[PDB]
Protein chains: 2
Amino acid sequence: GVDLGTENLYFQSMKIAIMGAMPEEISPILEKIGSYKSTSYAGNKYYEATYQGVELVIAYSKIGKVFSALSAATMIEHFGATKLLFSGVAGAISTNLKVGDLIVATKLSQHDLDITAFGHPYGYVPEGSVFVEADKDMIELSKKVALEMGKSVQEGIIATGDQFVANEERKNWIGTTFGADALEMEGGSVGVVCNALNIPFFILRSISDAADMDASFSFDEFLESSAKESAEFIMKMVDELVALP
Amino acid sequence: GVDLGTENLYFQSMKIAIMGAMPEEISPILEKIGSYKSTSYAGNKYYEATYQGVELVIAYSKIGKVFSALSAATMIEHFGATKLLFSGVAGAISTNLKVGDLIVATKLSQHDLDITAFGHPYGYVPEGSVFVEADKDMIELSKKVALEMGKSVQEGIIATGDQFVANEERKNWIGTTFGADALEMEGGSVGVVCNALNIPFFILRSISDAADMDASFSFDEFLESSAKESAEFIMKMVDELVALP
Ligand SMILES: Nc1ncnc2[nH]cnc12
Ligand SMILES: Nc1ncnc2[nH]cnc12
């Protein structure tokens, strides 16, 4: 076998899944890529593109843990993704996050997963883990990108559950129990699936609201702008991942 | 093309996924089949068998909606399942169900899925549905099997969530809100995935407890016996599905 050392500039095996939960979260991705095909599968549409020597598979999952698990599994198992990036919006728990701020997940839990009647901690089931770890290399890359962009990007724990949280008491329980800086409805599900399949993943969220009584209105106001903020950063990540030595 | 009308007795395309959540729920399945191979994939083991002209793929998912979604998707997408049967234990809501009684799902909801801050009903997200319908043909088959066995088998709505419910107030809310006869932690997730992939499915549960303050103890006492009850019925279903004209 002969490899000349430049093959990756022409075509490599890497296939990057880029996912959101809602159409507003991925359309800015599809606008940057511009040209792509689409496949109807698993009740959804999966868009594919040839991008600078790698291939992209892009989709929105629909909301929640089950749909996001299905899309993540589909992108890996059926569309052959080898890395996964998630872009979307989230509710802020930490007071240092405000509308529009980006947060990269260090690790994620499922805040509504509860078999505590058997004395296990919140978020745990046998053979599982309270937290699932996002990929360290991509987190480092995100630091490089943030500086290049001149942007302030926090790193923290994101908690995932199948509820839109619009209630400070719930919000505070989640923050306290898990040390979570932000909450959302897909990240931890996606992480568990990627982890199961040995696929490194990266979860990015732009804050849309503060998970309180005003959460739904803020979410409506800032969905499009926050979604665009996340998506712009994610495309910079893709360009970086294509550039690896 | 020539088909003589008996090919299905020798080898057909049908591949039956048989799934539980826990090892205790599938081991009685693997004992009946006796001989099988195993594949390590998606952080789990998937067992495969050649059974009377069809092939079986069998696995336990681990507990909850994310893991069960991942296993269902894996069985279909990677192992090529074309029908799916789920066997396990559940908590009774209806007072007519007692420990050991079997319940076949007519349809299933996710009782903890909540974006009601946007005025949608409980259990609903856009592009989804409050209930996902189990396969009518298999439900009819289950009636045929129940009579042949001389067994009383109820049909009803099963509600799924990522909580072991050991609390009458929660139990009653779930019963009232969804009209649910029983609750558990995987069925509705599995259904959504099968539905997305156009795979007919069948969910069977044997009651292990009544989802009250005594739920965990009852569950421990009756896990093995209830799991065996479900598994015996499921193998009868398989023999029926192999027998289709
Ligand atoms: N408040 C909230 N709860 C759950 N998911 C969200 N995504 C954005 N805001 C959210
Ligand atoms: N009480 C309960 N809650 C959730 N899942 C169950 N499976 C069996 N019993 C259960």
Side-chain angles (χ1 to χ4, degrees), chain A residues 20-22 24-25 63-65 68 88-93 97 99 103 111-112 114-118 125 158-168 170-171 174 180 182-188 205-223 226-227 230, chain B residues 20-22 24-25 63-65 68 88-93 97 99 103 111-112 114-118 125 158-168 170-171 174 180 182-188 205-223 226-227 230:
Chain A
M22 296 178 277
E24 293 86 352
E25 295 169 325
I63 290 167
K65 293 195 304 174
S68 61
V89 297
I93 297 173
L97 296 167
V99 168
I103 179 165
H111 65 74
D112 59 353
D114 178 356
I115 64 172
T116 59
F118 296 91
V125 298
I158 299 186
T160 299
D162 263 344
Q163 311 78 41
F164 189 88
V165 173
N167 175 284
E168 290 172 357
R170 183 57 189 177
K171 177 193 168 174
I174 294 168
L183 55 76
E184 35 93 313
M185 303 181 70
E186 301 83 26
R205 298 285 191 163
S206 182
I207 298 309
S208 57
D209 59 85
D212 56 14
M213 221 140 189
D214 202 44
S216 58
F217 299 96
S218 181
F219 173 97
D220 281 359
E221 187 163 353
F222 298 102
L223 171 58
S226 284
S230 183
Chain B
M22 296 178 277
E24 293 86 352
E25 295 169 325
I63 290 167
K65 293 195 304 174
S68 61
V89 297
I93 297 173
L97 296 167
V99 168
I103 179 165
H111 65 74
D112 59 353
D114 178 356
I115 64 172
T116 59
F118 296 91
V125 298
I158 299 186
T160 299
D162 263 344
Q163 311 78 41
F164 189 88
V165 173
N167 175 284
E168 290 172 357
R170 183 57 189 177
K171 177 193 168 174
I174 294 168
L183 55 76
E184 35 93 313
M185 303 181 70
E186 301 83 26
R205 298 285 191 163
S206 182
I207 298 309
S208 57
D209 59 85
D212 56 14
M213 221 140 189
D214 202 44
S216 58
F217 299 96
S218 181
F219 173 97
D220 281 359
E221 187 163 353
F222 298 102
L223 171 58
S226 284
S230 183

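Proteins come first, then strands; the chains are lettered A, B, ... in the order of their sequence lines, and each starts at number 1. Read the numbers this way: they start at 1 and go in the same order the structure lists the ligands and their atoms.
In terms of the side chain to side chain contact (heavy atoms under 4.5 Å, CB included) criterion, residue partners of A/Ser68 (sequence neighbours excluded) are, by chain and number, A/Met19, A/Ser61, A/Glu186, A/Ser189, A/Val190. With sequence neighbours left out, B/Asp214 forms a side chain to side chain contact (heavy atoms under 4.5 Å, CB included) with B/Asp212, B/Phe217. Taking A/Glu221 as the reference, nothing meets the side chain to side chain contact (heavy atoms under 4.5 Å, CB included) condition, with sequence neighbours excluded.
Among all heavy-atom pairs drawn from A/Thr160 and A/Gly188, the shortest one is OG1-N, 2.8 Å.
With hydrogens and angles ignored, the 3.5 Å screen pairs no side-chain donor or acceptor of A/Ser230 with any backbone N or O of A/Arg205.
Looking at A/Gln163 and A/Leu183, their side chains never come closer than 4.5 Å, going by heavy atoms from C-beta outward.
Closer than 4.0 angstrom to ligand 1 sit non-hydrogen atoms from A/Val89, A/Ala90, A/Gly91, A/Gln163, A/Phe164, A/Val165, A/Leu183, A/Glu184, A/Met185, A/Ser208, A/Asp209, A/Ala211, A/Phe219.
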